[PDB]
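Undergrad: Below is a structure I'd like to ask you about.
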Amino acid sequence: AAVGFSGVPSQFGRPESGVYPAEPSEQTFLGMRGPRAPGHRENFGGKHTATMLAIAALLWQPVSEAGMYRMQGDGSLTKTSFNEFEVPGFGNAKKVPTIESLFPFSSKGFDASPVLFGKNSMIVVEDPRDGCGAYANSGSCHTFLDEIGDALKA
Amino acid sequence: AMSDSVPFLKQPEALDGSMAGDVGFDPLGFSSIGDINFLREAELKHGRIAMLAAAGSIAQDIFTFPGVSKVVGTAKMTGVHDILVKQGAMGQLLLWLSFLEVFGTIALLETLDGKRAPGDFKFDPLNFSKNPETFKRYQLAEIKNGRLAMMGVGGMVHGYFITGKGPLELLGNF
Amino acid sequence: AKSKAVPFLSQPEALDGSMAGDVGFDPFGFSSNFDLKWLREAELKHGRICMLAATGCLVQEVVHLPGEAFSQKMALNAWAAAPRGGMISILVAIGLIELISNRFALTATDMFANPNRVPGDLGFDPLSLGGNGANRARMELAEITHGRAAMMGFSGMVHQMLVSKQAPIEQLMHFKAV
Amino acid sequence: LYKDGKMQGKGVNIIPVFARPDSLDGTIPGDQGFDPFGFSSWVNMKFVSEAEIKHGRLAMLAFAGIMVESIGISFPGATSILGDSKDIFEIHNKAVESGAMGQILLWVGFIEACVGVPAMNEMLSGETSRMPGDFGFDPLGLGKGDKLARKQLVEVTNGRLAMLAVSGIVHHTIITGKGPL
Amino acid sequence: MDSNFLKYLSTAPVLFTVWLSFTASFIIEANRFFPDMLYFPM
Amino acid sequence: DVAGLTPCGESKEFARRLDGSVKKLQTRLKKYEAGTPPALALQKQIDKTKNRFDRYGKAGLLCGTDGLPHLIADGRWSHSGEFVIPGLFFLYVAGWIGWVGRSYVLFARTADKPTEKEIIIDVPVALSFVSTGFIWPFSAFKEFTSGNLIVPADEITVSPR
Ligand code: CLA
Ligand code: CLA
Ligand code: CLA
Ligand SMILES: CC1=C(C#C/C(C)=C/C=C/C(C)=C/C=C/C=C(C)/C=C/C=C(\C)C#CC2=C(C)C[C@@H](O)CC2(C)C)C(C)(C)C[C@H](O)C1
Ligand SMILES: CC1=C(C#C\C(C)=C/C=C/C(C)=C/C=C/C=C(C)/C=C/C=C(\C)C#CC2=C(C)C[C@@H](O)CC2(C)C)C(C)(C)C[C@H](O)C1
C-alpha cells in the first residue's frame with residue numbers, strides 16, 4: 001500500500017497538490033528543463049543566455065582593469081584607484097562609491113585580468129611525477145611498481 | 001553504410017557528405033554527442049585561427065613591425081605574450097576579438113537554430129566565390145588548409161617549447 | 001529466476017533489467033523494502049558527487065588556484081587550509097542547488113510526486129548532449145558505470161590519504177608500505 | 001585451405017583427451033576443438049576471438065623484434081642511445097629512458113583508442129557485421145578468394161606459436177641471462 | 001529472512017531498545033572522541 | 001568582565017582547581033610502577049584533565065570566585081555558543097523528532113488497523129518519515145499555513161463547561 005521512500009504523498013497520507021504540470025522538452029543553455037510561462041523559452045532561451053554571457057565577458061575586460069590611468073611626462077601610465085576620485089558637490093562625502101566598489105579586486109589582493117587570471121594571480125601548475133619514471137628508479141623515487149618489484153625480489 | 005576513410009567502421013549517421021571535407025571520418029562518434037553545426041563552426045573557427053597563427057609564426061620569424069624589437073627584444077613565439085600583456089597590445093587584441101566574438105556568439109546560436117550555415121559570415125568583399133563550383137572548391141580548400149594549419153601551428157609551438165627557436169629558425173638550425 | 005551477478009541467489013523482485021546498470025545485484029533486498037526510484041536517484045547523486053570528488057582528488061594536486069590557502073597538494077589538507085567563508089559559501093550554494101533543482105520536492109514523501117519526474121533526471125542538459133535516441137541507454141550505462149567506479153575510487157583515495165598522509169599521485173610515486 | 005572437418009570445423013579435436021565441447025560452432029577460424037574449461041559456453045566468442053588475434057599478431061611482431069634485436073641487427077644510429085648490448089630487458093629500459101617506447105606507446109594507444117575501441121564495440125553490438133581481427137588491411141593484396149583459410153588459419157596458428165615462443169624466450173632469457181641465438 | 005521474524009523485530013519494545021541504544025552509542029562515541037564539550041566553540 | 005566575572009585563563013582559582021585535580025591523580029599515580037596498566041591509565045587521566053583545563057581556559061569562558069566556568073545566557077553574541085547555539089541545535093533535532101512522529105501518526109491513521117501500525121512499526125515507511133525531517137521548519141510552516149496543522153475548535157472533543 002505504501003512502499004518505503006516511494007515519494008508519493010498519497011501513499012504517506014501527506015497533503016498532495018493534485019496539479020502536476022507536464023514536463024516540456026525545451027532546454028536552456030545555463031538554465032534548467034521545466035515548466036515555464038508561454039513566451040519564456042523564446043525570450044530567455046539559449047540564444048538570450050549565450051548573448052548575455054558574451055556581453056558580460058566583453059564588459060568584464062574594462063571592469064577587470066578598472067582604474068584611473070594618467071599619462072606622465074615620459075609617456076608612461078600611472079594607474080591609481082577610483083577610490084581616490086573625489087567629487088565636488090556631495091557635502092562631506094568627497095570619496096564616493098565607484099565601479100571598484102562593486103568589483104574590489106585589489107582589496108582581496110587579486111590581480112584580475114580580462115581573462116580573469118592575471119600575471120600576479122596565475123594558475124599554479126606543477127608536475128607531481130617529480131622527474132622520475134614509472135619503474136626502475138634509483139634515488140628518492142620509490143614508486144608502487146618499484147614496491148611490487150622489491151616485494152617480489154626478496 | 002561504412003566509412004570511406006576508415007573502411008572497417010560504420011558511416012556516422014550525423015555525417016552525410018554535404019559539408020566540405022566530409023570523408024566519413026568520425027570513428028569515436030563525437031558527432032553523435034554534439035550538434036554537427038556546433039562542431040563544424042568550432043572546426044572552422046579553430047582552423048581559421050590556426051591558419052592566422054601559422055602565417056603569423058612564419059612572418060614573425062621573417063620580420064617584425066617597426067618598434068616591436070625595442071619592446072620585445074630577442075623574444076619569439078609565445079615568449080612575447082607575457083611581455084605584450086604587460087604592454088597594452090594583447091589587451092587591445094582581446095578587446096576587439098571579444099567584440100567580434102559577441103556577434104560570433106549570436107551567429108553560432110543562429111546556426112544552432114538552423115538559419116545560418118556554420119562558419120558562414122557572408123564575408124566575401126572581393127567576390128571570389130561567384131560560381132557555386134568555385135565556392136565548393138574554395139570550401140574544400142579552406143577546410144583542408146584549416147586542418148593542416150591546426151597540425152602545423154601545434155608542431156610549431158611545441159617545437160618552440162623544445163628548442164626556443166621559431167618555426168623557420170629550426171629548419172635552418174637542425 | 002536467479003540473479004545474474006550473484007548466481008546462487010534468486011533474482012530480486014522489482015529488478016527486471018529496465019534500468020541502466022541492472023545486473024540483478026541486490027543481495028540484501030533493498031529494492032524489496034524501499035522504492036527503486038529513490039534508490040536510483042540516491043545512487044546517481046552519490047556517483048556524480050564521487051565523479052567530481054575523484055576528479056578533484058587527482059586534479060587539485062596537479063593544478064591549484066593562486067594563493068597560500070590553495071597550495072595543499074593533499075586534499076584533506078586543502079579541506080582545512082581553504083578559506084572558511086568560501087567553503088561555507090559552497091555549502092550554502094549546494095543547498096540552494098539541491099532546493100531548486102528538485103523543485104521544492106526534496107523528501108521521501110514528495111520527490112517523484114509528479115509522475116513525469118524520472119530518477120536522476122533533474123532536467124540537466126546544458127549543452128543538450130542527450131539529443132540522440134539510441135544513444136540514451138548507452139549514455140545512462142556509461143554514467144552509472146563512471147559513478148560506481150568513482151565511488152569506489154574516491155572512497156579508497158580518502159582512506160589511503162588517511163593511511164599514508166600523501167596525495168594520491170605522489171603517494172603512487174613515493175610509495176611506502178605499512 | 002579451409003578443410004572443414006579435417007583442420008577446422010565440427011568434429012576436429014587435436015587433443016582427444018579433452019573432448020570437443022558442444023558450444024564450439026566451428027565457424028571461427030582456428031576451431032580445432034580445444035576448450036577443456038568450457039569458456040565458449042559463456043563468453044562472447046567475437047570478443048575472445050579478436051583478443052586471440054590481437055595477442056597473436058602482437059606476439060608475432062614481438063618475436064620478430066626480439067630476434068632481430070638479440071642477434072644484433074640494428075637501424076643506423078640506434079645502438080648509440082639504446083646501448084651497444086643485446087639484452088632485450090635492458091633494451092626495453094634504455095628505450096623507455098630515451099623516450100622511444102613512450103612514442104611507441106603513444107601511437108599504438110592512439111590507434112587502439114581511435115579505431116580499435118569503436119571496431120570492437122560495433123562488432124560486439126551488431127552494427128557492422130565485422131569479423132574479429134578484420135581491420136580491412138590488405139595494401140599488397142594477398143587474400144581475395146583464398147581468404148576463407150590458408151590465410152586466416154595460418155595467421156591464428158602462427159599467432160599462437162608466436163605467443164608460446166615469446167613467452168618461452170622471455171623466461172629463458174630471465175633464467176639464463178642470455179638472449180636467444 | 002522470515003517475514004514473521006521481521007514483523008517481531010518491528011515491534012515497539014525491540015525497535016525502542018535498538019533505537020535508544022543506537023542513540024546512546026552516538027552520544028558515547030561523540031563524547032569519547034570529543035570530550036568535555038561544555039560549550040559550542042565559536 | 002560580564003557580571004564581575006573574570007576569564008578562566010587568568011583566574012587563579014581555576015589554576016588552583018587544575019593543580020588540585022592533577023595532584024589528586026598524581027598521588028594515586030605514585031603507588032603504581034611505571035609501565036603498569038594502572039600507571040598508563042592514570043597518566044591518560046592526567047593528560048585529559050590538563051587538556052580539558054587548557055581548552056576551557058582558552059575558550060573565553062568566564063569563571064567566578066569559586067573557580068568554575070559560569071555561562072552567560074542573556075543573548076549577548078560574545079557568549080552565544082554557551083546557550084544560544086546549543087539551543088538552536090536542540091530545537092532543530094526536537095522539531096525533526098516531532099515532525100516525523102506527527103507524519104507517522106497521520107500515515108498510521110490511513111492504515112487498515114491504525115493501532116497495529118502503532119505497536120508494530122512499518123519500518124520502511126518510518127525510515128522514509130525520519131528521512132523527511134531535515135526540512136521540518138519549512139514543511140511544518142507550509143503545513144500550518146495551508147490549514148493542515150491546526151484543526152478548528154468545532155472538530156475537537158471538549159468536556160461540558
Ligand atoms: C578605432 C578603434 C581603435 C582605437 C581608438 C584604438 C586605440 C588604441 N589602441 Mg588599438 N586596435 C584596434 C582598434 C582601435 N584601437 C583594432 C581593431 C585592433 C586589432 C584587433 C587593435 C590593436 C591594437 C594593439 C595590438 C595595440 C593597440 C593600442 C592602442 C592604443 C594606442 C595609444 C597610442 O598612443 O597609440 C597612438 C598610435 C597612433 C596614433 C598610430 C597607430 C597607427 C598604427 C601603427 C596603424 C595600424 C594599422 C593596422 C595594420 C590596421 C588594422 C587592420 C587590422 C584589423 C587587420 C589606443 C588605446 C596599443 C596599446 O594598447 O598600447 C598601449 C597596442 O599595442 N591597438
Ligand atoms: C566534490 C567536488 C569537489 C570539492 C568538494 C572540492 C573542494 C575543494 N577544491 Mg576542488 N576541484 C574539483 C572538485 C572538488 N573540489 C574538481 C572536479 C576540479 C577540477 C575542475 C577541482 C579543481 C580545483 C582546483 C584547481 C583547486 C580546488 C580547490 C579546492 C578547495 C577550495 C575550494 C575551491 O577553490 O574550489 C575550486 C573549484 C574548482 C576549480 C572547480 C569545482 C567545480 C565543481 C566540480 C562543481 C561543478 C558541479 C556543480 C555543482 C554544478 C552541478 C549542478 C547540477 C547538478 C544541478 C576545496 C577543498 C583549491 C585548493 O585548495 O587547491 C588544492 C584549488 O586551487 N579545486
Ligand atoms: C509523535 C510524537 C509526539 C508529538 C509531536 C507530541 C506533541 C506534543 N505533546 Mg506529546 N507525547 C507523546 C508524543 C508526542 N507529542 C508521547 C509518546 C507521550 C507519552 C510520554 C506524550 C506526552 C505528553 C505530555 C504529558 C505532554 C505532551 C505535550 C505535547 C505538546 C507540546 C510539546 C511537548 O511538550 O513535547 C514533550 C513531549 C514529551 C515529553 C513526550 C515525548 C516522548 C517521545 C520523545 C516522542 C515520541 C517520538 C516517537 C517515538 C516518534 C516515532 C516516529 C517514527 C515511528 C517515525 C505537543 C502538542 C504537552 C502539552 O500538552 O503541551 C501543550 C504535555 O504536557 N505530550
Ligand atoms: C576569404 C576572405 C579573405 C581571405 C582571407 C585570409 C587572410 C586567407 C589567408 C590565409 C592563410 C593564413 C592560410 C594559412 C595556411 C597555413 C598553413 C596551412 C600552415 C601550414 C603549416 C605546415 C605546412 C607546417 C609547419 C612546419 C612544422 C610544423 C614546424 C616548422 O619548424 C617547420 C614547418 C613550418 C614547415 C580575402 C582577403 C581573400 C577576401 C575575400 O573576399 C574574403
Ligand atoms: C551531463 C553533461 C555535463 C557533463 C558533465 C561532467 C563534468 C562530466 C564529468 C564526469 C567526470 C567527472 C567523470 C569522472 C570519472 C572518475 C571515475 C571514473 C574514477 C576514479 C578512478 C578510480 C578507479 C581510482 C582511483 C585509484 C585509487 C582508488 C587508488 C590509487 O592508488 C590509484 C587510483 C588513483 C587510480 C556538461 C557540463 C558537459 C553539459 C552537458 O550538456 C551535460
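What follows draws every value from the coordinates through simple rules; no lab data is involved. Note that each Cβ is placed from the backbone with ideal geometry, even for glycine, and that neighbours are counted across all protein chains shown.
Undergrad: Look through the range C:31-51, keep the residues that are more than 14 Å from chain A (Cβ to nearest Cβ) and in contact (Cβ under 8 Å) with a residue 40 or more places away in the chain, and return whichever of them is farthest from ligand 5 (Cβ to nearest atom). Show your work before the answer.
TA: Keep residues of the range C:31-51 that are more than 14 Å from chain A (Cβ to nearest Cβ), which gives C:44, C:46-51.
Narrowing further to those that are in contact (Cβ under 8 Å) with a residue 40 or more places away in the chain: C:44, C:46-48, C:50-51.
Details: C:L44: 11, C:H46: 13, C:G47: 9, C:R48: 8, C:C50: 7, C:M51: 4 Å.
Per the criteria, the residue is C:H46.
Undergrad: How many residues are more than 7 Å from chain A (Cβ to nearest Cβ) and among the aliphatic types (A, V, I, L, M) if we restrict to the range C:168-178? Show your work before the answer.
TA: Looking only at the range C:168-178, we keep the residues that are more than 7 Å from chain A (Cβ to nearest Cβ), and these are C:168, C:171, C:176, C:178.
Going one step further and asking which of them are among the aliphatic types (A, V, I, L, M), we end up with C:178.
Residues that pass the stated criteria total 1.
Undergrad: Specify which of the listed residues (F:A34, F:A39) is part of a loop (DSSP other than H, G, I, E, B), farther than 13 Å from F:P7 by Cα and free of Cβ contacts under 8 Å to residues at least 24 places away in the same chain.
TA: It is F:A34.
Undergrad: Testing D:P21 on (1) touching a residue at least 12 places away in the same chain (Cβ under 8 Å); (2) within 16 Å of D:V156 (Cα to Cα), one condition comes back false. Which one is that?
TA: (2)
Undergrad: Could you please find all residues in the range B:32-74 being hydroxyl-bearing (S, T, Y) and either touching a residue at least 40 places away in the same chain (Cβ under 8 Å) or surrounded by 17 or more Cβ atoms within 10 Å (Cβ to Cβ) (or both)?
TA: Listed by number, the residues that qualify are B:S32, B:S57.
Undergrad: Testing A:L116 on (1) within 14 Å of chain C (Cβ to nearest Cβ); (2) within 30 Å of C:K176 (Cβ to Cβ), one condition comes back false. Which one is that?
TA: For A:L116, the exception is condition (2).
Undergrad: Further question on the same structure: For the range A:125-139, what are the residues that are more than 8 Å from chain C (Cβ to nearest Cβ) and either farther than 18 Å from D:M101 by Cα or within 16 Å of ligand 4 (Cβ to nearest atom) (or both)? Let's see the steps before the verdict.
TA: The initial filter retains those residues of the range A:125-139 that are more than 8 Å from chain C (Cβ to nearest Cβ), namely A:131, A:133-139.
Once the filter is applied, which keeps residues that are more than 8 Å from chain C (Cβ to nearest Cβ) and either farther than 18 Å from D:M101 by Cα or within 16 Å of ligand 4 (Cβ to nearest atom) (or both), the range A:125-139 yields A:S138, A:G139.
Undergrad: Let me ask something else about it. Of these, F:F141, F:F89, which one is part of a helix (DSSP H, G or I), away from chain A (no Cβ under 14 Å), of a type in the set (F, W, Y) and away from ligand 1 (no atom under 16 Å from the Cβ)? Working first, answer last.
TA: Working: F:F141 fails: away from chain A (no Cβ under 14 Å).
Among F:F141, F:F89, only F:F89 is part of a helix (DSSP H, G or I), away from chain A (no Cβ under 14 Å), of a type in the set (F, W, Y) and away from ligand 1 (no atom under 16 Å from the Cβ).
Undergrad: Sticking with this one: Would you point out which residue out of A:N83, A:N92 is in contact (Cβ under 8 Å) with a residue 12 or more places away in the chain and either more than 13 Å from every other protein chain (Cβ to nearest Cβ) or not in a loop (DSSP other than H, G, I, E, B) (or both)?
TA: Selected residue: A:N83, the only one of A:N83, A:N92 that is in contact (Cβ under 8 Å) with a residue 12 or more places away in the chain and either more than 13 Å from every other protein chain (Cβ to nearest Cβ) or not in a loop (DSSP other than H, G, I, E, B) (or both).
Undergrad: Hey, B:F174 hits all of (1) part of a loop (DSSP other than H, G, I, E, B); (2) in contact with a strand residue (DSSP E or B) (Cβ under 9 Å, 6 or more places away or on another chain) but one; which does it fall short on?
TA: Result: B:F174 passes all but (2).
Undergrad: Restricting to the range A:1-36, give me the number of residues that are without any contact (Cβ under 8 Å) to a residue 12 or more places away in the chain and assigned to a loop (DSSP other than H, G, I, E, B).
TA: 20
Undergrad: Only one residue in C:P115, C:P119 is closer than 18 Å to C:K37 by Cα and more than 7 Å from chain A (Cβ to nearest Cβ). Which one?
TA: Just one listed residue meets the conditions, C:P119.
Undergrad: Can you tell me which condition A:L58 does not meet? The list is (1) part of a helix (DSSP H, G or I); (2) more than 30 Å from B:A107 (Cβ to Cβ), and all the others hold.
TA: Only one criterion in (1) part of a helix (DSSP H, G or I); (2) more than 30 Å from B:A107 (Cβ to Cβ) is unmet by A:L58, namely (2).
Undergrad: Same structure, new question: Taking the range B:127-143, which residues are surrounded by fewer than 12 Cβ atoms within 10 Å (Cβ to Cβ), among the polar types (S, T, N, Q) and outside any helix (DSSP H, G or I)?
TA: Within the range B:127-143, B:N127, B:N131 meet the criteria.
Undergrad: Can you tell me which residue in the range F:1-33 is farthest from F:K58 (Cα to Cα), limited to those that are under 30 Å from the mean Cα position of the chain (by Cα) and among the aliphatic types (A, V, I, L, M)?
TA: Taking the candidates together, the pick is F:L25.
Undergrad: Is it true that F:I150 is under 30 Å from A:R14 (Cβ atoms), more than 14 Å from chain A (Cβ to nearest Cβ) and over 27 Å from the mean Cα position of the chain (by Cα)?
TA: Answer is no for this residue.
Let's see how each residue does on (1) closer than 21 Å to D:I53 by Cβ; (2) not in a loop (DSSP other than H, G, I, E, B):
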position	(1), (2)
D:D84	no, no
D:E90	no, yes
D:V96	no, yes
D:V115	yes, yes
D:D146	yes, no
D:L153	yes, yes
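Undergrad: What is the number of the single condition among (1) within 13 Å of chain A (Cβ to nearest Cβ); (2) crowded, with 17+ Cβ neighbours inside 10 Å; (3) among the hydrophobic types (A, V, I, L, M, F, W, C) that F:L106 does not meet?
TA: So the condition that F:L106 fails would be (2).
Undergrad: Any residue in the range F:120-128 that is away from ligand 5 (no atom under 16 Å from the Cβ), more than 14 Å from chain A (Cβ to nearest Cβ), of a type outside the set (D, E, K, R) and closer than 26 Å to A:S6 by Cβ?
TA: yes
Undergrad: Being more than 30 Å from B:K115 (Cβ to Cβ) and of a type in the set (D, E) narrows it down to one residue among B:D61, B:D16, B:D26; which is it? It would help to see each step written out before you state the result.
TA: Working: B:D16 fails: more than 30 Å from B:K115 (Cβ to Cβ); B:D26 fails: more than 30 Å from B:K115 (Cβ to Cβ).
Just a single option satisfies the conditions, and that option is B:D61.
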